[PDB]
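Accompanying notes for the structure given below.
Cβ sites come from the backbone with ideal geometry, for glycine too, and all protein chains shown count toward neighbours. The numbers here are math on the coordinates, done by the rules we state, and not lab data.
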Amino acid sequence: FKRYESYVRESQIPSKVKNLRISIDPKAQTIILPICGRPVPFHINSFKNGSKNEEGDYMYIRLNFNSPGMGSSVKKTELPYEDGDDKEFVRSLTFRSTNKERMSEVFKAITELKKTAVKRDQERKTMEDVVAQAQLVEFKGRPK
Amino acid sequence: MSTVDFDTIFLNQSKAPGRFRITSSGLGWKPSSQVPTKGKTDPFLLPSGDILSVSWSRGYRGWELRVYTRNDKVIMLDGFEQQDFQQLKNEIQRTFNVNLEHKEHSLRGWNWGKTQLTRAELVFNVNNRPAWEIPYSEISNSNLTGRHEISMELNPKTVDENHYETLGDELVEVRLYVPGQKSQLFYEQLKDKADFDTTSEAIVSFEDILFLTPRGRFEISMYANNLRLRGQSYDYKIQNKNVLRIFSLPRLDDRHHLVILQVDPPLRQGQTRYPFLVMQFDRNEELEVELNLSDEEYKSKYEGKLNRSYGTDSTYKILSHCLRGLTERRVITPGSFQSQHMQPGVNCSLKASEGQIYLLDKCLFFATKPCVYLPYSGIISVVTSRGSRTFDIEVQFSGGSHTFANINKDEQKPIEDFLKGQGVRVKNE
């Protein structure tokens, strides 16, 4: 299990979060969701993918999270969750909002945060097998 | 008598701030008079005898005081400062003899954990700490969506004569994944604790119906306001309002009959969506069914819409009549179109999917996954192209084009004459 954590202390939750709405922290790589009056963090590594639907005056966002069965393309060697037969998982959360424009921007920002996280993880994996070499010693005369 | 009062407190996620008060008689909350809230101005009052326990925790607007009642209701009061904790602790202890518990919540951002059905709320624990809790009073419905999957629908916070306007993004649906051979017991325990409507009396049930989209042996239980589909792995609840159209179409094999429901919003099975439900009956399948209705309810609501008893008639006819009576939707039967072979439809392929096209009086309908409904009012032009014993039909509409391939050439003239008769522009390359 690639150990990740959103916050260690409640004081790290930004002061901006207070309107009982969906908010994104790019610094902590975390999506903050309004569940029954509580600011619930979800790390971008627990997030799988989402969808957005427009319905009358409301805009719906469904966020899907990583769970066994609905697994991602990751190999068996590194799971986005800790192994556990007795572990239950939040598979999806569906939210609605009257403000369509902001809700579309929030969805774009979640999708961008996921793309940046995946790109950084690929870049890390490509660098893990790069052995740091010694420095080339220039020839003090006329080189061939 | 020292009345302790707090200004700027919100009740159950109210948009308007109010004044909270602690008295020896109980808890009181009143909205602040500065906001025109179309809404009763009446103070919320909770008697001291109804208070069971009180927890203190981090909310959206600062600190939250969560009050558990003896009537299995949860009251949420948010907007407190961290300094208020000492005063609240002393006053609640002095007035009610109840300990104020400090509840720390998991901030790890993990979506895995253990669910725990507490008396008044469903709690999701991450590393032995609560991540979130949902009061049972906020849960509208729960439905097994697969062998390890539980979907909970929450009451939509819209316009009720007894609730303050909520401010923000609202949670509508929560799906849990419960591994192990365990999700069915959890669903049963959730049903018992959430106190969902009980002693439900289906008006009519139909057992062992073989669907094609998605393929499965579902039981169909019909109620006054809703239709239930029970399956081995997935239970669906469809509201009668969400049924847009009913089609009753004979298959060209002359051995089967198709009943097709258009549903909006489309049914979900994991990631895939089913806007059309396709049921397949044998034409020789006969069923006798008595409606489970009182004679007073039948006469008042269903007289002339439903029969009290259906004799031994074909199952698909009884089902189509019951669906018509309960959804108030018209059943669409095959139109005046007759193929060269005197058939009500024509064999064709849509991309890699082989199927049957029905030319109905108001629309073109394809009946094999994927199901395609095309109203004639939305069709711009139909182009007939030569692939040949067969020809292809391209239907152009405001949202794209659909090419139906591999149609027998003998069917070209009947189709063109029918489409011209319906006022559709036919072009022949």
How are the Cα pair distances of the stretch B:298-372 distributed, in percent, across 5 Å bins from 0?
3, 13, 17, 15, 18, 12, 11, 6, 3, 1, 0
Taking the alpha-carbon centroid of each part, what is the distance from the stretch A:1-66 to the stretch B:227-287 in angstrom?
36
Tell me, Kirkwood radius of the protein assembly as shown from alpha-carbon pair distances, in Å?
28.2
Percent of alpha-carbon pairs separated by more than 19 Å within the stretch B:5-71
35
Average other protein chain Cβ within 10 Å of Cβ, residues B:77-84:
1
For a quick protection proxy, order the peptides A:28-34, B:363-369, B:264-270 by their average other-Cβ count within 10 Å, most packed first.
A:28-34, B:363-369, B:264-270
Which whole-angstrom value gives the distance between the alpha carbon centres of the stretch B:311-334 and the stretch B:356-370?
19
Across A:92-99, the residue-averaged tally of Cβ atoms belonging to other chains within 10 Å stands at 6
For the stretch B:51-65 and the stretch B:196-214, distance of Cα centres in Å
42
Ranked by Cβ crowding within 10 angstrom, fewest neighbours first, how are B:72, A:85 ordered?
A:85, B:72
What number, in percent, do you get for the relative contact order of the stretch B:58-158 if the mean sequence gap of Cα pairs under 8 Å and at least 6 apart is divided by its residue count?
16
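Around residue B:274, with a cut-off of 13 angstrom between Cβ atoms, what is the net charge of the other residues, counting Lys and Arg +1 and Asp and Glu -1?
Summing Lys/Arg as +1 and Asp/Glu as -1 gives +3.
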How big is the stretch B:173-307 by the Kirkwood estimate over distinct Cα pairs, in Å?
17.3
Put +1 on the Cβ of every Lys and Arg and -1 on every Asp and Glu Cβ in the stretch B:59-205; which of B:204, B:166, B:150 then has its Cα farthest towards the positive end of the dipole?
B:150
Under the rule of -39500 (n - 2.57) per DSSP H run of 4 or more residues, summed and divided by the residues of the protein assembly as shown, what mean residue ellipticity at 222 nm is obtained, to the nearest 500 deg cm²/dmol?
-4500 deg cm²/dmol
So what's the stretch B:41-114 giving for Cα Rg divided by 2.2 N^0.38 Å, two decimals?
1.23
When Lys and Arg each count +1 and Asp and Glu each count -1, what net charge do the other residues less than 15 Å away from residue A:122, Cβ to Cβ, add up to?
+3
Could you put B:200, B:398 in order, starting from the residue whose Cβ has the fewest other Cβ atoms within 10 Å?
B:398, B:200
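Please report A:112, B:91, B:121 as a ranked list, fewest other C-beta atoms within 10 angstrom at the top and most at the bottom.
A:112, B:91, B:121
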